[PDB]
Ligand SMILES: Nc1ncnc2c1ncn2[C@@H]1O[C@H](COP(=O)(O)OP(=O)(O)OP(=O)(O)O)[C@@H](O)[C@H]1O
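Here's a solo chain for you in structure tokens, the form deposited without this ligand.
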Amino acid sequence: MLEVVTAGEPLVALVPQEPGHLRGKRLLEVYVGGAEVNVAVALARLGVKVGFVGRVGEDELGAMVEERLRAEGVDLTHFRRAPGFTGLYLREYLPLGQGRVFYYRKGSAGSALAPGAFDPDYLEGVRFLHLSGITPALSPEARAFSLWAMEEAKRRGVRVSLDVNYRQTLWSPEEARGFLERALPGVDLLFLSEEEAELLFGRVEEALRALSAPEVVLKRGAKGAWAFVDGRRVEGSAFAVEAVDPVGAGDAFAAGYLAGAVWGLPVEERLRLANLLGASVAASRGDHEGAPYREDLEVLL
């Protein structure tokens, strides 16, 4: 039976082979991305039974997303290609660290996701229901899907895990705050960035007051991160590793935390695991390339 269920819109990533302006590249690398897609893959590689709910288009790029989700062993009971196109995006990372991203996903098959996008009995028996703030920001339907989804998960006695992921492209801090204001009641585990808390609440403190979920994980760059359970406040191991491709590192972190949770580990081990996946992904090119496999944690253990 499923331990984790994540949902969202998968994307195909087009990245250059090295630093530099995208305008000067003549070759691009292809990867499968998407916040929840990255989390599903990372969990799946760790031995966690995960299911992914979503849609891709009936095109070559959608077929690519599906092969990857299937090769990795994700459950696609409610994942399928459907009329429409698969969204993609282009990334470029500049010499001195100032990167930029371009989207071609507006109106894609996967951006659809409306309430009822799958069968709620799927969630039955599942430990977690992970979502990302990107999804509800895609369209009104998705914003509705999100709420419906976590509500149907609560109704199933399933913990809701949410990764804020404030995408300024999708919506303004106001709408973001709005959704959160409405969604927060049902979140059990909330993943937040210091910059997000600060960009949506003024300071990394106010935010910690407002968004008071049973468990909050505040990621703070290379300065470890703090996990807030039982009013207590555990700090995480900072990392002195330099970023190869920092895209997807936050997704990996979230996945490592969930894996630890799903495996009933103390908050310290959950944090140690979170940035262990986060660091691995940050250390590799691609969105979730670098995510460690079960057998790997075992050996380093």
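Take the two forms, find the largest set of C-alpha atoms that superpose within 1.5 Å, and that set is the rigid core. Residues that one form lacks are left out of the comparison. Just count from 1 along the sequence shown to find any residue number.
Just so you know, the form deposited with this ligand bound exists too; it's not on screen, but the next bit is about it.
A single residue from the set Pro214, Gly221, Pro185, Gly125 has any heavy atom within 4.5 angstroms of this ligand in the bound PDB entry; that residue is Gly221.
Contact annotation: of the candidates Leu61, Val267, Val247, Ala44, the single residue with a non-hydrogen atom within 4.5 angstroms of this ligand in the bound PDB entry is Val247. Using a 4.5 Å heavy atom cutoff, none of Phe52, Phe79 and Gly110 lies near this ligand in the bound PDB entry. Note on the interface: of 62-70, 256-264, 236-244, 22-30, the segment with non-hydrogen atoms within 4.5 angstroms of this ligand in the bound PDB entry is 236-244. The shortest heavy atom separation between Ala279 and this ligand in the bound PDB entry is within 4.5 Å. Using a 4.5 angstroms threshold between heavy atoms, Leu162 stays clear of this ligand in the bound PDB entry. At the 4.5 Å threshold, heavy atoms of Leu131 stay clear of this ligand in the bound PDB entry, well away from it. When this ligand is considered in the bound PDB entry, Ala149 lies well away from it, no heavy atom lying within 4.5 Å.
With a cut-off of 2 Å and the rigid core superposed, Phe239 has a Cα displacement that reaches or exceeds the cut-off between this form and the one not shown. Remark: 238-240 is the one run between this form and the one not shown in which three or more consecutive shared residues have Cα displacements of 2 Å or more on core superposition.
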